[PDB]
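A.B. asks: Quick one: this structure, given as structure tokens, is what I'll be asking you about.
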Amino acid sequence: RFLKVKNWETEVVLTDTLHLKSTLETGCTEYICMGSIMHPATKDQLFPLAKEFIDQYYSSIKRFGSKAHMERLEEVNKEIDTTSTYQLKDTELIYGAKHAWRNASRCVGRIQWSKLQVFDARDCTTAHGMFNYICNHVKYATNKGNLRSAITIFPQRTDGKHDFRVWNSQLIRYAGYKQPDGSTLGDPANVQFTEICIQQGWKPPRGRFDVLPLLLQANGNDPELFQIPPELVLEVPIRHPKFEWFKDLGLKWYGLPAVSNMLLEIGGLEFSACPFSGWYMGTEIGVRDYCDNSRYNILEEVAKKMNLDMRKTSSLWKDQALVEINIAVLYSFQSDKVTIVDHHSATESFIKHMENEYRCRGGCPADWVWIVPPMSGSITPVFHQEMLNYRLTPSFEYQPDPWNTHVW
Amino acid sequence: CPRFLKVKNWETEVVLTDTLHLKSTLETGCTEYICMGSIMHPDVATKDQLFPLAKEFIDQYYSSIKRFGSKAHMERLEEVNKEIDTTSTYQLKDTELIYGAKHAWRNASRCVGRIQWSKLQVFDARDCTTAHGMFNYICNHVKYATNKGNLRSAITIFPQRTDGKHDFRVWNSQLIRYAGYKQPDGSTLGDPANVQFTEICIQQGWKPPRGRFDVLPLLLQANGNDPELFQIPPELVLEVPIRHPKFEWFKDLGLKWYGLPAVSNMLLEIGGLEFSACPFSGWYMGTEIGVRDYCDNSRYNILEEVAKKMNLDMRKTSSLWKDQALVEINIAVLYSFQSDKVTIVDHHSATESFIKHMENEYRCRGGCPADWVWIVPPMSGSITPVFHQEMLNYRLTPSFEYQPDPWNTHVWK
Ligand code: HEM
Ligand code: HEM
Ligand SMILES: CNCc1cccc(-c2cncc(CCc3cc(C)cc(N)n3)c2)c1
Ligand SMILES: CNCc1cccc(-c2cncc(CCc3cc(C)cc(N)n3)c2)c1
Ligand SMILES: C[C@H](O)[C@H](O)[C@H]1CNc2nc(N)[nH]c(=O)c2N1
Ligand SMILES: C[C@H](O)[C@H](O)[C@H]1CNc2nc(N)[nH]c(=O)c2N1
Ligand SMILES: [Zn+2]
């Protein structure tokens, strides 16, 4: 039946009806909740899924059961018969991609969901083609700093043996090197991937912030390396508005956040290669990339230059350093006219977006574990917002890392 | 359901295996189709409902003491059975009551302090008959737990529920709370979240000092009777004035807090028996005060006032002036508590201890139910180790449960 979600700051209550639409499992059961777990086709399987999606589409353009709708259902039928699959209309592709964003429970940026530039790359056949398409994506989405949401969609899966995959988990990442003395240069979370690239012929400049090459797999073939031209890769020097020594830390990050390891599911079709990009929330860099112990891990270094007493944890020296790091990140991007949102503004927008979705759509799936920012949680409004999590389709899903499932 | 579930720590790659979830008893609120993991809150037991619940708990008790299947075990089973058959209920032995209380804490998915679970002082108040007697028991609890600042965790357990019309209840959600007063102009004085309860007390006869930090009276209900008001002797309420190791102006904010965190509105369930009045207390994690009591918009809301005295650019939010003020506030809370030698734990220490706790529980017990949404601190989340820890949440018994607010259910005599 109907479910209610309360905000405990405002005492506003909303009524979720939309959840009655899902089918894919959350992973939880009545007795066990896995809300903090990160990772919890044939003709007869494929058609009902297609049927539902097509029905959903024509429902959204206000003509459910139209003549257009009828032939479409017939068209899809005969096509799954004689090819064991079907191809989406251009309008259905764009719709399905916007709604996959719209249904992404873990994304705090969804107020933007309808403003999405969709690049159809379903005529791609080679890794060289893929590279070209991704280069245009990057150039378009970056837009000299005035970032624009984009997705590039490559050919759907067919037989599992001829998959398109971007092997990079993100389009822009820094390399990670495993020093002899045991330390780590660059991004320590990328050391494996970085070494796969080296093993494939990549000449590493072995520096701290080295853009990794692209590793592209087209139609199931072995993947191939490509260097993204540097002028397409926008980067930002991180400096502080008060601490003039902060630039001396030598930090930079890239402006374009672009996830390339996920799977886009529309109407039971699987787009295994679908890089999508938006713009950053400052905490992603300031908190997670920089301060995670398993990442760049700069907190102790920064605390040094801030002259903080670091003997007891109760001095909250880590907390102080963290806030200052994130100030710099926001300031730097803003100074450089590169789009960025702070976690206060982003969460505000998200509560407004939630309100919108309950109003017009009867709910909005949201993953509180992911939505609440990794710092200053309860002084952002989403902390106090009950959210319901459920899985709506079309969707972005996780998939196996390609280097675990590829015969060469 | 699967016999083995794996959880991962994404910072350390450490993987743990949970078998304890199999012993889950009641429901989470989640289904396969929806997760309620961030929802805050998702006439008595019959003879036939009580039998298996009692046996379940007794079996569990004698397993813990390495006497499962012993003569004493079977005798206790038979005795409980006869008592349920003749009296429709039964009474716990003192040993069982202590075991059950310690395990309700142990099982409390939302508590980050559970490393301490086996060190809990249990006061048996099941011989209490009147509100005055409840008051005496609660005062003793407060004095014991407070221990002049060297706090000790404790629970006081009042008589179990019988027919439902004779409940013992502490009407206060917490033993020590500050009053809130709503003004004609819509401004609030004191703790704005507490205006409803404060109005109840005033109606019941309380003479309100109308100050910013007025400790509320206890409102105590014995054996189903109308509740009665009692003032906690002020000398038993230890308080800490908040000052800052660096900013000498911080003391000029006239802030202070109470030393003892004590929850009194929850229901303790042991072996199907319901203890509707079981105030328990521990000691504070700094963020509870520094972030929530002090900086929630619906609470004391001091971020603005502190920002101003810190000379912060407050036009752009991207300056993160809220964030900077929050850290300083939580620094001052920890500094004021340590200085007055009142037990407190910072959110780094607590969450690190909880990880060690959880790992030990996986090893010895086969699991450790935890509510990530509650365990992770409300500031600086990802620089505490619990943020990166996958947790399974499930409900084991004995347990602490929520219950309706008594002013919503009480039948006034
Ligand atoms: C436009 C501005 C956007 C903002 C400010 C934003 C914000 C965020 C943030 C902060 C995260 C957390 C990422 C992490 O912790 O790894 C996230 C995740 C996510 N976003 Fe958005 N996002 C934006 C655009 C988009 C777009 C354009 C799409 C798809 C077309 C999208 C789909 C997703 C998905 C599927 C996740 C989950 C990632 C995962 O599971 O690893 N987002 N978003
Ligand atoms: C000994 C030191 C303790 C520490 C450091 C500690 C820490 C915490 C914290 C930080 C919370 C969250 C409170 C909130 O956000 O409102 C909490 C909740 C809780 N604690 Fe512990 N606690 C301690 C002792 C105890 C004891 C002695 C018991 C029971 C015997 C207990 C049972 C619970 C329960 C049931 C909750 C959930 C409260 C609710 O749902 O409102 N804790 N604890
Ligand atoms: C798993 N979440 C943390 C994590 C671990 C490892 C790498 C990343 C990561 C690295 N580079 C870029 C990203 C982009 C994340 C993102 C995606 C999108 C579409 C928008 C946005 N603001 N942020 C993530 C994140
Ligand atoms: C619901 N959590 C936020 C909240 C709202 C309203 C009141 C409170 C509250 C007021 N006074 C004291 C507390 C103490 C909670 C607690 C209990 C125990 C046993 C230990 C501890 N560290 N903290 C909470 C908390
Ligand atoms: C909506 C959300 O569940 C609610 O704000 C929760 C979040 N996590 C919490 N965690 C703790 N420790 N205490 C709380 O009161 C809350 N509130
Ligand atoms: C174990 C836990 O689920 C994990 O650390 C999650 C928590 N929330 C998160 N939230 C975001 N936005 N990104 C993350 O990587 C994570 N990690
Ligand atoms: Zn769940």
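Lettering and numbering for the structure tokens are positional, with chains as A, B, ... in the shown order, residues counted from 1 in each chain, and ligands counted from 1 in the shown order.
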May I have the residues within 10 Å of residue 192 of chain A as a list in words, using only C-alpha atoms and disregarding those fewer than 6 positions away in the same chain?

C.D. replies: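 Neighbouring residues, sequence-local ones excluded: residues 175, 176, 177, 178 and 198 of chain A.
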
A.B. asks: Would you output that residue set with N, CA, C and O atoms, as a short mmCIF file (atom, residue, chain, number, x, y, z; two decimals), in the first residue's frame?

C.D. replies:
data_model
loop_
_atom_site.label_atom_id
_atom_site.label_comp_id
_atom_site.auth_asym_id
_atom_site.auth_seq_id
_atom_site.Cartn_x
_atom_site.Cartn_y
_atom_site.Cartn_z
N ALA A 175 46.91 7.73 -12.45
CA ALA A 175 47.67 6.49 -12.32
C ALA A 175 48.10 6.24 -10.88
O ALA A 175 48.13 7.16 -10.07
N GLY A 176 48.46 5.00 -10.58
CA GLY A 176 48.96 4.64 -9.26
C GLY A 176 50.12 3.67 -9.33
O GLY A 176 49.99 2.59 -9.90
N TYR A 177 51.24 4.05 -8.72
CA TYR A 177 52.48 3.28 -8.87
C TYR A 177 52.94 2.67 -7.54
O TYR A 177 52.89 3.32 -6.49
N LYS A 178 53.40 1.42 -7.60
CA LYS A 178 53.81 0.66 -6.41
C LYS A 178 55.32 0.71 -6.21
O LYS A 178 56.06 -0.09 -6.79
N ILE A 198 50.37 -0.41 -18.11
CA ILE A 198 51.82 -0.51 -18.33
C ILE A 198 52.16 -1.79 -19.08
O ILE A 198 52.98 -1.80 -20.00
#

A.B. asks: Compile the contact shell of segment 244-251 of chain A as a VMD selection string: residues with an atom at most 9 Å away, counting only C-alpha atoms, same-chain residues fewer than 4 positions apart removed.

C.D. replies: chain A and resid 209 236 to 240 301 to 302 305 325 328

A.B. asks: Take the selection from the previous step and output its residues with N, CA and C atoms, as a PDB file, in the first residue's frame.

C.D. replies:
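Contents of the output file result_27.pdb:
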ATOM      1  N   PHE A 209      50.059  12.871 -10.482  1.00  0.00           N
ATOM      2  CA  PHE A 209      48.795  13.031 -11.189  1.00  0.00           C
ATOM      3  C   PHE A 209      48.960  12.793 -12.682  1.00  0.00           C
ATOM      4  N   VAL A 236      42.301  21.257 -12.498  1.00  0.00           N
ATOM      5  CA  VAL A 236      42.203  22.424 -11.627  1.00  0.00           C
ATOM      6  C   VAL A 236      43.251  22.430 -10.511  1.00  0.00           C
ATOM      7  N   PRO A 237      44.122  23.450 -10.505  1.00  0.00           N
ATOM      8  CA  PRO A 237      45.071  23.632  -9.404  1.00  0.00           C
ATOM      9  C   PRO A 237      44.323  23.957  -8.118  1.00  0.00           C
ATOM     10  N   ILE A 238      44.547  23.192  -7.053  1.00  0.00           N
ATOM     11  CA  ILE A 238      43.842  23.435  -5.791  1.00  0.00           C
ATOM     12  C   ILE A 238      44.633  24.373  -4.888  1.00  0.00           C
ATOM     13  N   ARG A 239      44.050  25.531  -4.607  1.00  0.00           N
ATOM     14  CA  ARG A 239      44.659  26.489  -3.695  1.00  0.00           C
ATOM     15  C   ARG A 239      43.621  26.971  -2.693  1.00  0.00           C
ATOM     16  N   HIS A 240      44.097  27.586  -1.617  1.00  0.00           N
ATOM     17  CA  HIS A 240      43.237  28.052  -0.536  1.00  0.00           C
ATOM     18  C   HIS A 240      43.111  29.574  -0.588  1.00  0.00           C
ATOM     19  N   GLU A 301      49.404  15.330   6.326  1.00  0.00           N
ATOM     20  CA  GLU A 301      50.252  16.332   5.696  1.00  0.00           C
ATOM     21  C   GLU A 301      49.660  17.727   5.880  1.00  0.00           C
ATOM     22  N   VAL A 302      48.370  17.867   5.587  1.00  0.00           N
ATOM     23  CA  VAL A 302      47.696  19.160   5.700  1.00  0.00           C
ATOM     24  C   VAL A 302      47.687  19.654   7.151  1.00  0.00           C
ATOM     25  N   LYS A 305      50.930  21.521   8.077  1.00  0.00           N
ATOM     26  CA  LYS A 305      51.042  22.916   7.647  1.00  0.00           C
ATOM     27  C   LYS A 305      50.079  23.839   8.397  1.00  0.00           C
ATOM     28  N   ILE A 325      40.495  21.644   3.541  1.00  0.00           N
ATOM     29  CA  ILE A 325      40.776  21.015   2.259  1.00  0.00           C
ATOM     30  C   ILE A 325      39.612  21.210   1.299  1.00  0.00           C
ATOM     31  N   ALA A 328      39.238  24.786  -0.077  1.00  0.00           N
ATOM     32  CA  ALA A 328      40.161  25.006  -1.185  1.00  0.00           C
ATOM     33  C   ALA A 328      39.606  24.455  -2.492  1.00  0.00           C
TER      34      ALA A 328
END

A.B. asks: Using only C-alpha atoms and all ligand atoms, which residues of the polymer chains come no farther than 6 Å from ligand 3? I'd like the answer as a compact mmCIF listing (two decimals) with N, CA and C atoms, in the first residue's frame.

C.D. replies:
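Saved the output as out-v1.txt:
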# COMPACT_ATOMS: atom_id res chain seq x y z
N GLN A 170 36.31 4.91 -14.56
CA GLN A 170 35.92 6.27 -14.91
C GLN A 170 36.72 6.74 -16.15
N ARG A 173 40.93 9.31 -14.66
CA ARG A 173 41.50 8.85 -13.38
C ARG A 173 43.01 9.05 -13.39
N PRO A 257 33.81 14.42 -13.95
CA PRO A 257 33.47 13.14 -13.31
C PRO A 257 32.63 12.29 -14.26
N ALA A 258 33.16 11.14 -14.66
CA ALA A 258 32.54 10.37 -15.72
C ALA A 258 32.64 8.87 -15.46
N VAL A 259 31.52 8.25 -15.14
CA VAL A 259 31.50 6.84 -14.78
C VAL A 259 31.34 5.96 -16.01
N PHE A 276 28.89 8.00 -18.69
CA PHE A 276 28.06 9.17 -18.41
C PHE A 276 28.78 10.09 -17.46
N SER A 277 28.51 11.39 -17.58
CA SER A 277 29.31 12.39 -16.89
C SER A 277 28.41 13.52 -16.49
N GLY A 278 28.74 14.15 -15.36
CA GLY A 278 28.01 15.32 -14.88
C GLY A 278 29.02 16.36 -14.44
N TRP A 279 28.84 16.91 -13.25
CA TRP A 279 29.88 17.76 -12.66
C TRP A 279 30.04 17.37 -11.18
N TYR A 280 31.13 17.80 -10.54
CA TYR A 280 31.49 17.30 -9.22
C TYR A 280 30.72 17.98 -8.08
N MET A 281 30.45 17.21 -7.04
CA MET A 281 30.19 17.77 -5.72
C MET A 281 31.54 17.83 -5.04

A.B. asks: Kindly compile the residues surrounding ligand 5 within 8 Å, counting only C-alpha atoms and all ligand atoms, and format them as a PyMOL selection string.

C.D. replies: (chain A and resi 6-8+368+378+382-387) or (chain B and resi 37-40+110-111+288+292+373-378)

A.B. asks: Could you write out that same residue set with N, CA, C and O atoms as a compact mmCIF listing (two decimals), in the first residue's frame?

C.D. replies:
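Heads up, here's the output in part_13.txt:
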# COMPACT_ATOMS: atom_id res chain seq x y z
N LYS A 6 8.98 10.69 6.46
CA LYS A 6 8.97 11.88 7.28
C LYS A 6 10.32 12.57 7.21
O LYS A 6 11.36 11.92 7.11
N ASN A 7 10.30 13.90 7.25
CA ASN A 7 11.51 14.66 7.53
C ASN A 7 11.44 15.03 9.00
O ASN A 7 10.40 15.45 9.47
N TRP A 8 12.53 14.83 9.74
CA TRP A 8 12.48 15.03 11.19
C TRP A 8 12.96 16.42 11.57
O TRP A 8 12.97 16.78 12.74
N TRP A 368 19.89 6.57 1.15
CA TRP A 368 20.36 7.48 2.21
C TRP A 368 21.86 7.29 2.48
O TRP A 368 22.59 8.26 2.68
N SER A 378 24.75 15.76 9.31
CA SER A 378 23.46 16.22 9.83
C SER A 378 23.24 17.73 9.75
O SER A 378 22.16 18.21 10.10
N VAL A 382 19.44 16.33 3.89
CA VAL A 382 19.13 14.93 3.58
C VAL A 382 19.35 13.99 4.79
O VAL A 382 18.72 12.93 4.87
N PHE A 383 20.22 14.36 5.72
CA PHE A 383 20.41 13.56 6.93
C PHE A 383 19.08 13.30 7.63
O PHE A 383 18.81 12.18 8.08
N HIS A 384 18.24 14.32 7.70
CA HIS A 384 17.01 14.26 8.49
C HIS A 384 15.83 13.80 7.65
O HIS A 384 14.69 13.73 8.13
N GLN A 385 16.12 13.47 6.40
CA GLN A 385 15.10 13.03 5.46
C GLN A 385 15.02 11.52 5.35
O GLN A 385 15.94 10.87 4.83
N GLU A 386 13.92 10.94 5.82
CA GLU A 386 13.68 9.53 5.55
C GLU A 386 13.60 9.36 4.02
O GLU A 386 13.00 10.18 3.32
N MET A 387 14.22 8.30 3.51
CA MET A 387 14.12 7.95 2.10
C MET A 387 13.75 6.48 1.96
O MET A 387 14.13 5.65 2.80
N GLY B 37 15.76 1.06 5.41
CA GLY B 37 16.93 1.27 6.24
C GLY B 37 17.16 2.65 6.85
O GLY B 37 17.97 2.78 7.77
N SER B 38 16.50 3.68 6.33
CA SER B 38 16.67 5.05 6.84
C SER B 38 15.39 5.58 7.50
O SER B 38 15.32 6.75 7.90
N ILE B 39 14.37 4.72 7.60
CA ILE B 39 13.14 5.06 8.31
C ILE B 39 13.36 4.92 9.83
O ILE B 39 13.80 3.86 10.31
N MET B 40 13.07 5.97 10.58
CA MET B 40 13.37 5.97 12.03
C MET B 40 12.51 4.96 12.82
O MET B 40 13.04 4.19 13.62
N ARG B 110 21.50 -0.08 16.81
CA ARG B 110 21.75 1.35 16.60
C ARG B 110 22.77 1.97 17.54
O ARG B 110 23.00 3.17 17.46
N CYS B 111 23.39 1.15 18.41
CA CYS B 111 24.32 1.67 19.41
C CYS B 111 25.78 1.39 19.06
O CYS B 111 26.20 0.24 18.97
N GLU B 288 27.01 13.90 19.78
CA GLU B 288 25.60 13.86 20.17
C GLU B 288 25.18 15.24 20.64
O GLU B 288 24.05 15.68 20.42
N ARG B 292 24.26 17.45 17.22
CA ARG B 292 22.82 17.29 17.14
C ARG B 292 22.09 18.24 18.10
O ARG B 292 21.31 19.08 17.64
N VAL B 373 23.18 3.62 9.30
CA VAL B 373 22.61 4.96 9.31
C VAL B 373 22.74 5.62 10.69
O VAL B 373 22.91 6.84 10.78
N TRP B 374 22.70 4.81 11.75
CA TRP B 374 22.86 5.31 13.12
C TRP B 374 24.29 5.24 13.62
O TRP B 374 24.73 6.12 14.35
N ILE B 375 25.03 4.20 13.22
CA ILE B 375 26.39 4.02 13.71
C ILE B 375 27.34 5.12 13.23
O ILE B 375 28.19 5.59 13.99
N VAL B 376 27.21 5.54 11.96
CA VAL B 376 28.11 6.55 11.40
C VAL B 376 27.82 7.92 12.00
O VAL B 376 26.68 8.37 12.01
N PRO B 377 28.86 8.60 12.49
CA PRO B 377 28.70 9.89 13.20
C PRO B 377 28.12 10.99 12.31
O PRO B 377 28.36 10.96 11.10
N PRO B 378 27.41 11.97 12.89
CA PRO B 378 26.74 12.98 12.06
C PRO B 378 27.68 14.10 11.58
O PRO B 378 27.21 15.08 11.00

A.B. asks: Hey, which residues sit close to ligand 6? Say within 8 Å, counting only C-alpha atoms and all ligand atoms, and write them as an MDAnalysis selection string.

C.D. replies: (chainID A and resid 35:38 106:107 284 288 369:374) or (chainID B and resid 8:11 382 386:391)

A.B. asks: Step one, run DSSP on the backbone; step two, keep only residues of segment 189-278 of chain B assigned to strand (DSSP E or B); then write them as a VMD selection string.

C.D. replies: chain B and resid 189 to 190 215 218 to 221 228 to 230 239 to 241 256 to 258 262 to 263 267 to 270 273 to 275

A.B. asks: Using only C-alpha atoms, select each residue of chain A with any atom at most 6 Å away from an atom of chain B, and give the selection as a list in words.

C.D. replies: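 Residues of chain A within 6 Å of chain B, counting only C-alpha atoms: residues 9, 25, 26, 27, 28, 29, 30, 31, 32, 33, 34, 35, 36, 37, 294, 314, 342, 374, 375, 376, 377, 378, 386, 388, 389 and 390 of chain A.
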
A.B. asks: Next, the residues of the selection above should be written as a PDB file, in the first residue's frame with N, CA and C atoms.

C.D. replies:
ATOM      1  N   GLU A   9      13.379  17.199  10.589  1.00  0.00           N
ATOM      2  CA  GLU A   9      13.708  18.590  10.842  1.00  0.00           C
ATOM      3  C   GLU A   9      12.461  19.446  10.627  1.00  0.00           C
ATOM      4  N   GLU A  25      14.939  -6.905  -7.119  1.00  0.00           N
ATOM      5  CA  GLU A  25      15.193  -7.002  -5.676  1.00  0.00           C
ATOM      6  C   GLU A  25      16.082  -5.889  -5.132  1.00  0.00           C
ATOM      7  N   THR A  26      15.864  -5.535  -3.871  1.00  0.00           N
ATOM      8  CA  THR A  26      16.765  -4.628  -3.163  1.00  0.00           C
ATOM      9  C   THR A  26      17.938  -5.404  -2.583  1.00  0.00           C
ATOM     10  N   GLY A  27      17.709  -6.688  -2.314  1.00  0.00           N
ATOM     11  CA  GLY A  27      18.654  -7.488  -1.560  1.00  0.00           C
ATOM     12  C   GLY A  27      18.191  -7.747  -0.130  1.00  0.00           C
ATOM     13  N   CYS A  28      17.428  -6.818   0.446  1.00  0.00           N
ATOM     14  CA  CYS A  28      16.925  -7.003   1.816  1.00  0.00           C
ATOM     15  C   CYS A  28      15.818  -8.036   1.825  1.00  0.00           C
ATOM     16  N   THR A  29      15.526  -8.554   3.010  1.00  0.00           N
ATOM     17  CA  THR A  29      14.318  -9.332   3.252  1.00  0.00           C
ATOM     18  C   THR A  29      13.626  -8.785   4.504  1.00  0.00           C
ATOM     19  N   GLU A  30      12.548  -9.434   4.925  1.00  0.00           N
ATOM     20  CA  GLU A  30      11.832  -8.994   6.116  1.00  0.00           C
ATOM     21  C   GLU A  30      12.716  -9.054   7.354  1.00  0.00           C
ATOM     22  N   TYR A  31      13.668  -9.978   7.355  1.00  0.00           N
ATOM     23  CA  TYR A  31      14.450 -10.250   8.558  1.00  0.00           C
ATOM     24  C   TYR A  31      15.839  -9.644   8.506  1.00  0.00           C
ATOM     25  N   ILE A  32      16.349  -9.368   7.309  1.00  0.00           N
ATOM     26  CA  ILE A  32      17.691  -8.800   7.202  1.00  0.00           C
ATOM     27  C   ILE A  32      17.731  -7.629   6.215  1.00  0.00           C
ATOM     28  N   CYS A  33      18.320  -6.520   6.646  1.00  0.00           N
ATOM     29  CA  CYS A  33      18.461  -5.347   5.808  1.00  0.00           C
ATOM     30  C   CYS A  33      19.908  -5.182   5.375  1.00  0.00           C
ATOM     31  N   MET A  34      20.105  -5.073   4.062  1.00  0.00           N
ATOM     32  CA  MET A  34      21.435  -4.913   3.509  1.00  0.00           C
ATOM     33  C   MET A  34      21.609  -3.533   2.907  1.00  0.00           C
ATOM     34  N   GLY A  35      21.023  -2.539   3.569  1.00  0.00           N
ATOM     35  CA  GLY A  35      21.068  -1.170   3.093  1.00  0.00           C
ATOM     36  C   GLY A  35      22.455  -0.551   3.040  1.00  0.00           C
ATOM     37  N   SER A  36      23.445  -1.175   3.660  1.00  0.00           N
ATOM     38  CA  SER A  36      24.793  -0.603   3.616  1.00  0.00           C
ATOM     39  C   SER A  36      25.773  -1.469   2.821  1.00  0.00           C
ATOM     40  N   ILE A  37      25.255  -2.506   2.174  1.00  0.00           N
ATOM     41  CA  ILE A  37      26.048  -3.334   1.267  1.00  0.00           C
ATOM     42  C   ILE A  37      26.204  -2.640  -0.097  1.00  0.00           C
ATOM     43  N   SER A 294      42.745   4.940   1.946  1.00  0.00           N
ATOM     44  CA  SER A 294      43.129   4.081   0.828  1.00  0.00           C
ATOM     45  C   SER A 294      43.350   4.870  -0.467  1.00  0.00           C
ATOM     46  N   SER A 314      40.950  13.471  20.040  1.00  0.00           N
ATOM     47  CA  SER A 314      39.920  14.331  20.620  1.00  0.00           C
ATOM     48  C   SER A 314      40.159  15.821  20.362  1.00  0.00           C
ATOM     49  N   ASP A 342      28.656  22.540  -4.004  1.00  0.00           N
ATOM     50  CA  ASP A 342      28.987  22.187  -2.623  1.00  0.00           C
ATOM     51  C   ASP A 342      27.880  21.316  -2.062  1.00  0.00           C
ATOM     52  N   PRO A 374      29.760  12.686   2.844  1.00  0.00           N
ATOM     53  CA  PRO A 374      30.749  12.032   3.709  1.00  0.00           C
ATOM     54  C   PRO A 374      31.351  12.968   4.771  1.00  0.00           C
ATOM     55  N   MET A 375      30.819  14.185   4.878  1.00  0.00           N
ATOM     56  CA  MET A 375      31.220  15.107   5.936  1.00  0.00           C
ATOM     57  C   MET A 375      30.032  15.994   6.285  1.00  0.00           C
ATOM     58  N   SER A 376      29.985  16.440   7.545  1.00  0.00           N
ATOM     59  CA  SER A 376      28.956  17.364   8.019  1.00  0.00           C
ATOM     60  C   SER A 376      27.542  16.827   7.756  1.00  0.00           C
ATOM     61  N   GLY A 377      27.387  15.514   7.875  1.00  0.00           N
ATOM     62  CA  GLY A 377      26.145  14.851   7.528  1.00  0.00           C
ATOM     63  C   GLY A 377      24.891  15.570   7.999  1.00  0.00           C
ATOM     64  N   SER A 378      24.746  15.761   9.310  1.00  0.00           N
ATOM     65  CA  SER A 378      23.464  16.224   9.828  1.00  0.00           C
ATOM     66  C   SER A 378      23.241  17.729   9.750  1.00  0.00           C
ATOM     67  N   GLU A 386      13.920  10.941   5.822  1.00  0.00           N
ATOM     68  CA  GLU A 386      13.680   9.534   5.546  1.00  0.00           C
ATOM     69  C   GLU A 386      13.596   9.356   4.018  1.00  0.00           C
ATOM     70  N   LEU A 388      12.988   6.165   0.927  1.00  0.00           N
ATOM     71  CA  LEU A 388      12.692   4.781   0.605  1.00  0.00           C
ATOM     72  C   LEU A 388      13.551   4.370  -0.565  1.00  0.00           C
ATOM     73  N   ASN A 389      14.177   3.200  -0.477  1.00  0.00           N
ATOM     74  CA  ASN A 389      14.978   2.705  -1.583  1.00  0.00           C
ATOM     75  C   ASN A 389      14.299   1.536  -2.268  1.00  0.00           C
ATOM     76  N   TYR A 390      14.174   1.643  -3.590  1.00  0.00           N
ATOM     77  CA  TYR A 390      13.631   0.569  -4.408  1.00  0.00           C
ATOM     78  C   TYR A 390      14.173   0.701  -5.838  1.00  0.00           C
TER      79      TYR A 390
END

A.B. asks: For chain B versus ligand 4, which residues have an atom no more than 7 Å away, and what is each residue's nearest atom pair and distance in Å rounded to one decimal, using only C-alpha atoms and all ligand atoms, chain-then-number order, as a Markdown table?

C.D. replies:
| residue | atom | partner | partner_atom_place_in_ligand_line | distance |
| --- | --- | --- | --- | --- |
| B:174 | CA | ligand 4 | 11 (N) | 5.6 |
| B:176 | CA | ligand 4 | 11 (N) | 6.7 |
| B:177 | CA | ligand 4 | 11 (N) | 5.8 |
| B:261 | CA | ligand 4 | 14 (C) | 4.1 |
| B:262 | CA | ligand 4 | 17 (C) | 5.0 |
| B:263 | CA | ligand 4 | 17 (C) | 5.3 |
| B:280 | CA | ligand 4 | 19 (C) | 5.7 |
| B:281 | CA | ligand 4 | 19 (C) | 4.1 |
| B:282 | CA | ligand 4 | 19 (C) | 4.5 |
| B:283 | CA | ligand 4 | 22 (N) | 4.8 |
| B:284 | CA | ligand 4 | 22 (N) | 3.9 |
| B:285 | CA | ligand 4 | 22 (N) | 5.3 |
| B:292 | CA | ligand 4 | 3 (C) | 6.6 |

A.B. asks: Compile the contact shell of residue 265 of chain B as a list in words: residues with an atom at most 10 Å away, counting only C-alpha atoms, same-chain residues fewer than 3 positions apart removed.

C.D. replies: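 Counting only the stated atoms, we get residues 169, 170, 171, 172, 173, 174, 175, 262, 268, 276, 277, 278, 279, 280, 400, 401, 402, 403, 404, 405 and 406 of chain B.
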
A.B. asks: Could the residues of segment 80-183 of chain A that have an atom at most 12 Å from segment 59-68 of chain A be listed as CSV, each with its closest atom pair and the distance in Å to one decimal, counting only C-alpha atoms and ordered by chain and ascending residue number?

C.D. replies:
residue,atom,partner,partner_atom,distance
A:91,CA,A:61,CA,10.7
A:92,CA,A:61,CA,10.9
A:95,CA,A:60,CA,9.3
A:96,CA,A:60,CA,11.2
A:99,CA,A:60,CA,10.9

A.B. asks: Could you list, as a PyMOL selection string, every residue within 9 Å of segment 250-254 of chain B, counting only C-alpha atoms and ignoring same-chain residues fewer than 4 positions away?

C.D. replies: chain B and resi 241-244+246+305-306+309+329+332

A.B. asks: So which one's closest to residue 336 of chain B, B:57, B:258, B:123, B:168? Using only C-alpha atoms, please.

C.D. replies: B:258

A.B. asks: Work out how far atom CA of residue 157 of chain B is from atom 22 (N, counted along the ligand's line) of ligand 2, in Å to one decimal.

C.D. replies: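 Interatomic distance here is 17.4 Å.
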